[PDB]
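Colleague: experimental structure and sequence below.
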Amino acid sequence: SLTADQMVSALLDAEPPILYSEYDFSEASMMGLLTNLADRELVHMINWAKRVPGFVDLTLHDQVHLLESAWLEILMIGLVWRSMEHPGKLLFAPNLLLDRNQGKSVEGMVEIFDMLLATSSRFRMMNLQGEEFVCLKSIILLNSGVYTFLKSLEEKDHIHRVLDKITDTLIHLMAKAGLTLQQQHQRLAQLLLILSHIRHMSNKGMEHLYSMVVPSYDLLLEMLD
Amino acid sequence: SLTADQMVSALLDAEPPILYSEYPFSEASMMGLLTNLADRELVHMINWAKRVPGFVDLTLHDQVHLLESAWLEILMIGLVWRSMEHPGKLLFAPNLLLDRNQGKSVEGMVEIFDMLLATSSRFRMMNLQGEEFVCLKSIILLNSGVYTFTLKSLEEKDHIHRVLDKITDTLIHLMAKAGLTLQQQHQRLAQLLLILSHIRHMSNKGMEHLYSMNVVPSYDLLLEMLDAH
Ligand SMILES: CCCCCN1CC[C@H](COc2ccc([C@@H]3c4ccc(O)cc4CC4(CC4)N3C(=O)c3ccccc3)cc2)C1
Ligand SMILES: CCCCCN1CC[C@H](COc2ccc([C@@H]3c4ccc(O)cc4CC4(CC4)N3C(=O)c3ccccc3)cc2)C1
């Protein structure tokens, strides 16, 4: 029943914190820091998801499936967002800013590195707004697992109703921002097509990680508390 | 410079034909049949792509890269469209209609089989229209490789995004013309484009499956087909 304005406010307040790498330097250390960072972010992801309107109306089983499907995409879009104002680099954490030459030493890394950089550049060129980003991240959560699940059918119906609410919210944001109706449709489409690239990166990133992985159902369930 | 009407018309006109498998059936021959089908389908795909407005304005190198990135997605969405009206089955060809249990025979097949059936069900639930379908397939062609490509390349990406914007305009027009409200127009546009994420997912899993068993068309192969005299 939330208005578009209340949807934005709820998503903005739900934003997780920016974490730091374990601090105080080689390729082995680099991979360890990155894995440790992702593991710590995942906990905060779970708390964020529970505050996306409509998420906790789903069964716990379905909440876990959605997180299983979406967690890597969400880590990636968060990385891409905070790397926007840092051309040519990925800001994994405020104390872990890396460029593509630090990715070359690991096989398969630089390919995913450059895809992430290109997404951040696309974000930059589109002047992605924070209100838009949190809508996009919520769409990934709800959309990524919806096609791979009677009760499931209500659950899927519910997920699609929430997704429609986030679409309404994105259009509302673009309207307040002064875009014409044409520019609203075009920008909406542009933002959602980037999500297919984020899915691709998550698939390639998963392949890369299984070449050197996934949070278990039980772990995700436990974090959901 | 096309209108939405001209865009729809050109896309419908460009549609490839529905091809057949060879004329009892055996699971042992299945992958040979499907590989040959896809091979013959790829030829028509090349000539389809050349007729998608704005595609041949790109360099041959970029045309190849787009097709390299999108060919399996395009085969899959064609499959899903052909199967839409056959619940529980995948209509690879009119004479090659398979169900889930026939996918069991090969390792890792049924997982992808089920994802394709779920996409078919989603198409069916949305009552996807043929005019919407051809727009979606053209978006796949132009979008899937554009983030993995220099002044020429900047010019190419701007062109690709302008053509994608035109297709977006065309999708909205179709929905407006069919009487949907603006709220319903935006909502359906989003619903359609989010399916493309699942199609990308399916393509990556299928690409893994194909390597698990000459797996992709090569650059030079795609370029020979694309680079006509
Ligand atoms: C112990 C119980 C369950 C254990 C599960 N975890 C234990 C292994 C499981 C690690 O998955 C991970 C491991 C590492 C990354 C980093 C990471 C970290 C933070 C970020 O915000 C974003 C990213 C982005 C990225 C792409 C994905 N990544 C990389 O390095 C990278 C970047 C560029 C090019 C190639 C690679 C993410 C996910 C999760
Ligand atoms: C000389 C270099 C070779 C260049 C051409 N290659 C020739 C071998 C290289 C084979 O790719 C192929 C081979 C086979 C398929 C079928 C096929 C055929 C037609 C269709 O419309 C759609 C599909 C869909 C699907 C998923 C992909 N497929 C499968 O079986 C399948 C279906 C369900 C679950 C698991 C698997 C497509 C593509 C491509």
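Modeller: That came through, no problem. Numbering: from 1, shown residues only, chains lettered A, B, ... in the order given. Ligands and ions are numbered 1, 2, ... in the order given.
Colleague: could you use CA atoms for every contact and neighbour count after this?
Modeller: Will do.
Colleague: what inclination does the longest helix seen in chain A have with respect to helix B:151-177?
Modeller: In chain A, with assignment by DSSP state H, the single longest helix is helix A:181-209. Helix A:181-209 runs at 120 degrees relative to helix B:151-177, counting by axes from the mean of the first three to the mean of the last three CA atoms, to 10 degrees.
Colleague: buried stuff in the next helix or strand after helix A:181-209?
Modeller: Next helix or strand after helix A:181-209 toward the C-terminus (DSSP states H and E): helix A:217-224. Neighbour-count burial for helix A:217-224 flags A:220-221, A:224 (criterion: 16 or more other CA atoms under 10 Å in any protein chain shown).
Colleague: next, format those as JSON lines and append distance to chain B.
Modeller: Formatted as JSON lines, those follow (distance: CA to the nearest CA, whole Å):
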{"residue": "A:220", "distance to chain B": "22"}
{"residue": "A:221", "distance to chain B": "24"}
{"residue": "A:224", "distance to chain B": "25"}
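Colleague: so is the longest helix of chain A next to chain B?
Modeller: Yes: part of helix A:181-209 sits near chain B under the criterion CA under 8 Å from any CA of the partner chain, namely A:182, A:185-186, A:188-190, A:192-193, A:195-197, A:199-200, A:203.
Colleague: tell me which other helices or strands that helix touches.
Modeller: Here helix A:181-209 touches helix A:60-82, helix A:109-126, helix A:130-143, helix A:151-176, helix B:151-177, helix B:182-212, going by 3 or more CA pairs under 8 Å, 6 or more residues apart in numbering or on different chains; DSSP states H and E.
Colleague: the shortest one near chain B at all?
Modeller: Yes: if you take CA under 8 Å from any CA as the test, helix A:130-143 does meet chain B, through residue A:143.
Colleague: give me the buried positions along that helix.
Modeller: A:131-143.
Colleague: any bit of that helix sitting next to ligand 1?
Modeller: No: remark: helix A:130-143 sits outside contact range of ligand 1, by CA under 6 Å from any ligand atom, the gap being at least 13.1 Å.
Colleague: now that helix, how far from the centre of its chain.
Modeller: 7 Å (CA atoms, centre = their mean, to the nearest Å).
Colleague: output that helix as PDB, nothing but the C-alphas.
Modeller: Taking C-alpha atoms only, helix A:130-143 is exported to PDB below (Å, rounded to 0.1, in the frame of the first residue of the first chain):
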ATOM      1  CA  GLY A 130      20.900   7.000  -5.600                       C
ATOM      2  CA  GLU A 131      17.100   6.700  -5.600                       C
ATOM      3  CA  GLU A 132      17.300   4.800  -8.900                       C
ATOM      4  CA  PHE A 133      20.100   2.500  -7.700                       C
ATOM      5  CA  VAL A 134      18.200   1.300  -4.600                       C
ATOM      6  CA  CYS A 135      15.200   0.500  -6.800                       C
ATOM      7  CA  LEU A 136      17.500  -1.400  -9.200                       C
ATOM      8  CA  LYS A 137      19.000  -3.400  -6.400                       C
ATOM      9  CA  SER A 138      15.600  -4.300  -5.000                       C
ATOM     10  CA  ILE A 139      14.600  -5.500  -8.500                       C
ATOM     11  CA  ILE A 140      17.600  -7.800  -8.700                       C
ATOM     12  CA  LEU A 141      16.600  -9.300  -5.300                       C
ATOM     13  CA  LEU A 142      13.000 -10.000  -6.400                       C
ATOM     14  CA  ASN A 143      13.600 -10.900 -10.100                       C
END
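Colleague: can you list the residues that contact it?
Modeller: The list of residues contacting helix A:130-143 from outside it, by CA atoms under 8 Å, 6 or more residues apart in numbering or on different chains, reads A:8, A:11-12, A:15, A:49, A:52, A:55, A:66-67, A:70-71, A:73-74, A:77, A:81, A:159, A:163, A:166, A:169-170, A:173, A:191-192, A:195, B:194.
Colleague: within reach of ligand 2, which of the residues of helix A:181-209 next to chain B are there?
Modeller: Filtered for proximity to ligand 2 (CA under 6 Å from any ligand atom), these leave an empty set.
Colleague: among those, name the buried ones.
Modeller: For the residues of helix A:181-209 next to chain B, a burial check counting by 16+ other CA under 10 Å picks out A:185-186, A:188-190, A:192-193, A:195-197, A:199-200, A:203.
Colleague: quick one, what contacts residue A:90?
Modeller: Counting by CA under 8 Å, 6+ apart, residue A:90 has contacts A:79-80, A:83, A:97-99, A:116-117.
Colleague: nearest residue to residue A:105 other than its sequence neighbours?
Modeller: Counting by CA to CA, 6 or more residues apart in numbering or on different chains, residue A:105 lies nearest to residue A:27, which is 6.9 Å off, once chain neighbours are set aside.
Colleague: near chain B, which residues of chain A show up?
Modeller: So far as CA under 8 Å from any CA goes, chain A lies against chain B at A:115, A:118-119, A:143-144, A:147-148, A:164, A:167-168, A:171, A:182, A:185-186, A:188-190, A:192-193, A:195-197, A:199-200, A:203.
Colleague: got phi/psi on residue A:146?
Modeller: phi -70, psi -30 (degrees, to the nearest 10).
Colleague: my guess is it contacts residue A:156. True?
Modeller: Yes: at 6.5 Å, residue A:146 and residue A:156 qualify as touching, with contact defined as CA atoms under 8 Å.
Colleague: right, I'll call it a day here.
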